[PDB]
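Student: PDB entry and its sequence, pasted below:
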Number of protein chains: 4
Amino acid sequence: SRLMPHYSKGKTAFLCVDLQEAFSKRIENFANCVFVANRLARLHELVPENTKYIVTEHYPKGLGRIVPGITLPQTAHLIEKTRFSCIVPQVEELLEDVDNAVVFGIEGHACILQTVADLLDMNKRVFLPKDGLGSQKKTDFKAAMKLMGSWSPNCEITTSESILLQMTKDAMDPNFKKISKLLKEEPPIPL
Amino acid sequence: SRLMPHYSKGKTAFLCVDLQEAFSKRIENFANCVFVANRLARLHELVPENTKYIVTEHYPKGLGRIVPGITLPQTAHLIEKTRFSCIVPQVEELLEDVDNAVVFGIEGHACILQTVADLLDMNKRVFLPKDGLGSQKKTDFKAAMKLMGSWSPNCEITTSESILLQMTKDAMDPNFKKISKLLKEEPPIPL
Amino acid sequence: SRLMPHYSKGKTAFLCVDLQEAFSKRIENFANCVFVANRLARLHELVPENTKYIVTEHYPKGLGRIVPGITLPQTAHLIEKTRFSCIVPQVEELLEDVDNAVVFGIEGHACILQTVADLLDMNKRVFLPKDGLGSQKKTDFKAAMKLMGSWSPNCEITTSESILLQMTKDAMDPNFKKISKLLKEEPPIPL
Amino acid sequence: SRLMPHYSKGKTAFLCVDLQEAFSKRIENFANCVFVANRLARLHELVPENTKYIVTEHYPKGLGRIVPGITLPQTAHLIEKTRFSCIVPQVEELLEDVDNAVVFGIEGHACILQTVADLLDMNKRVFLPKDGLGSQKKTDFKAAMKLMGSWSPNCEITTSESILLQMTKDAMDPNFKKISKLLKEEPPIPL
């Protein structure tokens, strides 16, 4: 077990974390975090039998609401929390049958970091697209990414493009036709 | 055990190392090491039951005295040593009940490096904020940080901001109100 | 076992992956991937008893054909596949007696990544020359290389020059005279 | 065992590798490799009871002779070889009582890389000062250093300054007075 298994094997759960209004202008690559969030949302719709979409909101009333730029799937499980780690009672039971987790959002050193560490304690295989991850400061971000990259072999940091291709082992995959449509989309900020 | 536990669990000891006058102008990010030193000092005051503040002075009389820019807590244990590693008889017994250590200061390749290696031999969980760490030369510093980043799983290098948030798992924490005051402070050199 | 053994010990198989026309202008260091491909091709000819040369073609008819800039050996095993990972039934049986693999080509995050992960599952010792590896985007590439560099001790990422020297432990090697001819060649893009 | 022990414990052997005339103008940081070579040479003289100095010459007659800029100690063991790895019968028996090795020279991806890998097979603790290491190309060098940095816990890459301070745990060391003289010297190329 070194890469994401084919989408048919086990269950994967996507996790859009704290992509809220208050952070939109305070992060540089926020737009690329929104792009990846949509990329995974459309992917989720293509294979909804094996995938789940979870959206987290941190202290909503006080400077926080999921950015309208992201069109969430109709089967999206949106919860609201005050704990920095996105592991709350509500999502804990939602991952009782899920073997994999795609955590993407903000902040790399804060919410993301404590979420993935908790997910690693639950024996879950976490896969993080650097593509859709950010922070307000570069030093705070860098130090967090270098750390999670040493949490192998159950934690891996790649890109949104690679992740999609990992789940579809073959190009003659029945769903590839629909998946390849997503890879052609151009992210706001060049990669 | 992959991140700092909540401040209520066990004992943590902050370690301000060799932030003296002789180094003030010889280091580029010395001011940011002073900022973090103050950040951890105020944090220590907020939860003094589970935290300890230790300040080290290396060969004081000969070019050395803790910089007046840092306002030390009243419960600070300041000791003076000649050994590069900040593990001397005086601090060895002071860590008989402490499970965690936040080492921050100067120099990354010298005093810091030999301190954390000794702390790892004592089974202690060391957490280092790159935020408040420096060196006179970049190459000396870089080579030291890449090394300590391979001393997992008991050694972790993040930032001052992340570290504070690790100790406070929830934003509805009784102390968060007082802790969040520190995160709003702006470091002299942009991160 | 920490580096490539002398070419006489065991069997090594070179793997030129998906270096096709459609990618020629979409990658920056494509020319250096072609250079290394030729470097390994001539090397293969010098010691053909212990080495094998394998070329992969991904969906040929639809934008794909091995670039004419690469002169393949006469003993080259060229196969065509639709699976992103270059592990297909045809090459699986071709590696029944091979202990080492030199994987070089494109893309670092896509085909390469899933190929080396599968090769690691087969207990094979993979050695990757960063020299002859690329991607359309830097972020996609970087994130892939940082990952495979944590797949030790059976996966190693060096350069084409180092790899050749690893196989020839001594400069008084009977074949060194012919091998040293290859190292003198200048890659299109400076290293 | 995470850092260099005090010079009194066990035996350490310095290794100046292939710092010859033919490479002087083909490497950028060759002068800094010469500086470190002299730094370790003077250090060797200060504690000659526990240290050994070994100089390697690769194919001398044909473009090779130790650079006159380096003043070798009178107790230096200079040998000549044709094997890229600096492990030849002559030095193999010279390390029968030595527990540590400081390998510094050129090339990072070639001679150095194969030397340290062989030294790791001999159970020796290798410590490499990035300070005194180089290559003709940056990509060849970088890929080699990232690799050896994953060969822990018996291989460590720091700087010449840190290494000297590791061996002298205390500043009140009987020899510190003589050692501190070396740290004050300015390397040709700024670090």
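Tutor: Now that the structure is in, tell me what you want to look at. Residues are numbered from 1 along each chain as shown, chains lettered A, B, ... in the order given.
Student: Disregarding flanking residues, what is the spatial nearest neighbour of residue A:85?
Tutor: Leaving aside its chain neighbours, residue A:85 sits nearest to residue A:114 (3.7 Å; criterion: CB to CB, 6 or more residues apart in numbering or on different chains). For the C-beta atoms, the positions are set from N, CA and C on the backbone; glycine is no exception.
Student: Now do the phi/psi pair for residue A:172.
Tutor: For residue A:172, the backbone dihedrals (degrees, to the nearest 10) come out as phi -90, psi 20.
Student: show me the contacts for it.
Tutor: C:82, C:83 (CB atoms under 8 Å, 6 or more residues apart in numbering or on different chains).
Student: Residue A:175 and residue A:53, how far apart?
Tutor: 17 Å (CB to CB, to the nearest Å).
Student: Ok, residue A:183 next?
Tutor: For residue A:183, the distance to residue A:53 - CB to CB - is 19 Å.
Student: Compare the two (neighbour count), which wins?
Tutor: Each of residue A:183 and residue A:53 has its neighbours counted (other CB atoms under 10 Å in any protein chain shown); residue A:53 has more, 23 against 12.
Student: Thought residue A:75 was touching that one, still the case?
Tutor: Yes - applying CB atoms under 8 Å, one finds residue A:53 in contact with residue A:75, separated by 6.6 Å.
Student: still on that earlier bit, verify the stated contact: the residue nearest to residue A:85 with residue B:166.
Tutor: Yes - using CB under 8 Å, residue A:114 is in contact with residue B:166, at 6.7 Å.
Student: intersection of neighbour lists for these two?
Tutor: residue B:3.
Student: Give me the helices and strands touching the longest strand along chain A, please.
Tutor: When chain A is parsed with DSSP state E, its longest strand is strand A:51-58. Counting contacts by 3 or more CB pairs under 8 Å, 6 or more residues apart in numbering or on different chains; DSSP states H and E, strand A:51-58 is packed against strand A:12-17, helix A:30-46, strand A:76-81.
Student: looking at the ones you listed, which is closest to chain C?
Tutor: Closest to chain C of the helices and strands packed on strand A:51-58 is helix A:30-46 (CB to the nearest CB; 9.3 Å).
Student: and chain A, which of its residues are near chain C?
Tutor: For chain A, the residues in contact with chain C (CB under 8 Å from any CB of the partner chain) are A:2-3, A:130-131, A:149-150, A:152, A:156-159, A:161-162, A:165-166, A:168-172, A:190-191.
Student: switch to 6 Å and redo it
Tutor: A:2-3, A:130, A:152, A:156, A:158-159, A:161-162, A:165, A:169-172, A:191 (CB under 6 Å from any CB of the partner chain).
Student: and those residues, which are buried?
Tutor: A:2, A:3, A:130, A:156, A:158, A:159, A:161, A:162, A:165, A:169, A:171, A:191 (16 or more other CB atoms under 10 Å in any protein chain shown).
Student: For the fourth one, identify the helix or strand it belongs to.
Tutor: Under the criterion DSSP states H and E, the helix or strand holding residue A:156 is strand A:155-158.
Student: Following the chain onward from that strand, which element is next?
Tutor: Taking DSSP H and E, what comes next after strand A:155-158 is helix A:160-167.
Student: and the helix or strand that that next one is followed by, C-alpha only, in CSV?
Tutor: Using DSSP H and E, the next helix or strand after helix A:160-167 towards the C-terminus is helix A:176-183. Provided in CSV are the C-alpha atoms of helix A:176-183 (Å, rounded to 0.1, in the frame of the first residue of the first chain):
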residue,chain,number,x,y,z
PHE,A,176,-11.8,7.9,-17.5
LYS,A,177,-13.8,9.7,-20.2
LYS,A,178,-15.6,11.7,-17.5
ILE,A,179,-12.5,12.1,-15.3
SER,A,180,-10.2,13.3,-18.1
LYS,A,181,-12.6,16.3,-18.5
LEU,A,182,-11.5,17.6,-15.1
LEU,A,183,-7.7,17.4,-15.7
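Student: tell me the angle of helix A:176-183 relative to helix A:160-167?
Tutor: 170 degrees (axes from the mean of the first three to the mean of the last three CA atoms, to 10 degrees).
Student: can you pull the buried residues of helix A:176-183?
Tutor: Those would be A:176, A:179, A:182, for helix A:176-183 by 16+ other CB under 10 Å.
Student: With stretch A:123-139 instead?
Tutor: So stretch A:123-139, judged by 16+ other CB under 10 Å, has buried residues A:124-137, A:139.
Student: hmm, it in reach of chain B?
Tutor: Yes - judged by CB under 6 Å from any CB, stretch A:123-139 comes into contact with chain B at A:137, A:139.
Student: so how far is that stretch off the chain centroid?
Tutor: 8 Å (CA atoms, centre = their mean, to the nearest Å).
Student: In chain A, what residue lies closest to chain D?
Tutor: residue A:150 (10.6 Å).
Student: Is it correct that that residue falls within a strand?
Tutor: No - judged by DSSP: H, G, I helix; E, B strand; the rest coil, residue A:150 forms no part of a strand; its state is coil.
Student: wait, it sits on residue B:153?
Tutor: No - using CB atoms under 6 Å, residue A:150 makes no contact with residue B:153, being 8.2 Å away.
Student: Compare the two (neighbour count), which wins?
Tutor: Using other CB under 10 Å, the more surrounded residue of residue A:150 and residue B:153 is residue A:150, with 16 against 10.
Student: and that one, what does it touch?
Tutor: The neighbours of residue A:150, taking CB atoms under 6 Å, 6 or more residues apart in numbering or on different chains as the test, are residue B:152.
Student: Now do the residue of chain A most remote from its centre against chain B, distance only.
Tutor: Within chain A, the residue lying farthest from the chain centre (CA atoms, centre = their mean) is residue A:172, at 25.9 Å. Per CB to the nearest CB, to the nearest Å, residue A:172 is found 40 Å from chain B.
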